[PDB]
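The same protein chain appears twice below, in two forms, each given on its own as structure tokens and labelled structure 1 and structure 2.
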Structure 1
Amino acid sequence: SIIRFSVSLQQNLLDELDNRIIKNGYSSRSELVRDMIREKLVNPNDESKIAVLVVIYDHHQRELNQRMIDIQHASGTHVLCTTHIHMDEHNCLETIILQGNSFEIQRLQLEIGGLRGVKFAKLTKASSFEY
């Protein structure tokens, strides 16, 4: 049977979801999101994997870089390298190359991802046996 739950979205993502509802001919948020979920629905251990986090963050946010460096230092992952460029005057893009287990990597991602001024932290993992 049919059940109704609540989702919370940041404005920028909501606006885009609303535009996609219109461009693609959906009738509601509920309907498109349902179709997305249904489509998605179609892991974690102690092994060391190499990973990459791609982080876009707000340039004007004070102390953000410091907070990221501290987290990287505090992490139980081994961060090999961080590289930063400016995309525009509002945004910087960073790649973090790191080694750790699935739990350590996921924690880093969510920690960085939840900081104010971080637009996203997207993860790429490669396990030994897939290279």
Structure 2
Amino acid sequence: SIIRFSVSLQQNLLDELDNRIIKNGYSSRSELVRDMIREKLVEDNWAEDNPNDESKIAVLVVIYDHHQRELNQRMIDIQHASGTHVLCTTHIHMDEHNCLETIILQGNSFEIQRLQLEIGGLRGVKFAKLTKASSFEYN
């Protein structure tokens, strides 16, 4: 695949850019810009997704209080009502108060995003972030 093209820009914007490359550990600006583009294309793709398309994949990362009783069940009822399909979940303890969970999800972009918003709103949930992928990155 890999093809190389050229880009222009405001040498003013470019000092914002070239400082990110430093404090972020990039070898080149070409490398930071690549990543920024890939992200934007993934977001645009999810923005404009149909609902017969239940084929997107994402990972939901949740940190929550695992002595918060019945939180697990609340989380399951929500997932079950959201329309998404959980392919896999992994759970670890981060400490006596906190558990971290990875939930691998299939569905359409808006069921998945909803699931995230509903789960983040639950008492005991301290963190709920979505990793999105699009077909072009891997098909």
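Under this definition, the rigid core comprises the largest set of C-alpha atoms superposing within 1.5 Å between the forms. Here, residue number means position along structure 1's sequence, counting from 1.
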Next item on the list: Align on the rigid core first; then say whether the Cα of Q106 has moved by at least 2 Å between structure 1 and structure 2.
Entry: no
Check: After the core is overlaid between structure 1 and structure 2, has the C-alpha of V7 moved by 2 angstroms or more?
Finding: yes
Next item on the list: Superpose on the rigid core, then tell me if the C-alpha of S48 is displaced by 2 angstroms or more between structure 1 and structure 2.
Entry: yes
Next item on the list: Just grab the Cα shift of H73 between structure 1 and structure 2 for me, core aligned, in angstrom.
Entry: 2.3
Checklist line | Once the two forms are fitted on their core, CA shift of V118 between structure 1 and structure 2 in Å | finding: 0.2
